[PDB]
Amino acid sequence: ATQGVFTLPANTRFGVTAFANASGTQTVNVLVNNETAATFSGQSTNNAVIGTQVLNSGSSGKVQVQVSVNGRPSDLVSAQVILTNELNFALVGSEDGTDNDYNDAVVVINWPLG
């Protein structure tokens, strides 16, 4: 099934944070309404925060995470969890290889902020 695609409340600020855990350079692209809004790149096998940014969900609320390693798309997993009916996390894992740890790039989206 489609993964790494979330519908947020419209015109709402959210945080997006990417972590790396692989030998190869991870490229994370965050798209809002089908247009790239942040990009982070880096290599780490120690969960380096390769980028964090505050974005606005815009008119559509559509947020999509894509991950690649030197041009090759990684396979994604994702889900959303809501705590106390108020606190939202959208979670992405990605796999660039064969070991299926799905941690090669890890992306966490959180809202609301402030």
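One rule holds for the numbers: they count along the sequence shown, beginning at 1.
A.B. asks: Tell me which stretch has the larger mean Cα B-factor in this entry, 78-86 or 28-36.
C.D. replies: Mean B over CA atoms: larger for 28-36.
A.B. asks: Where do the C-alpha atoms have the higher mean temperature factor in this entry, in 67-75 or in 52-60?
C.D. replies: Per the PDB record, 67-75.
A.B. asks: Out of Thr12, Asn21, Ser94, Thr17, which residue has the highest Cα temperature factor in the PDB record?
C.D. replies: Within the set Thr12, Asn21, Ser94, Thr17, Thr12 shows the top C-alpha B-factor.
A.B. asks: Can you tell me which third, lowest, middle or highest, the CA B-factor of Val108 falls into for its chain?
C.D. replies: It belongs to the lowest third of the chain when residues are ordered by C-alpha B-factor.
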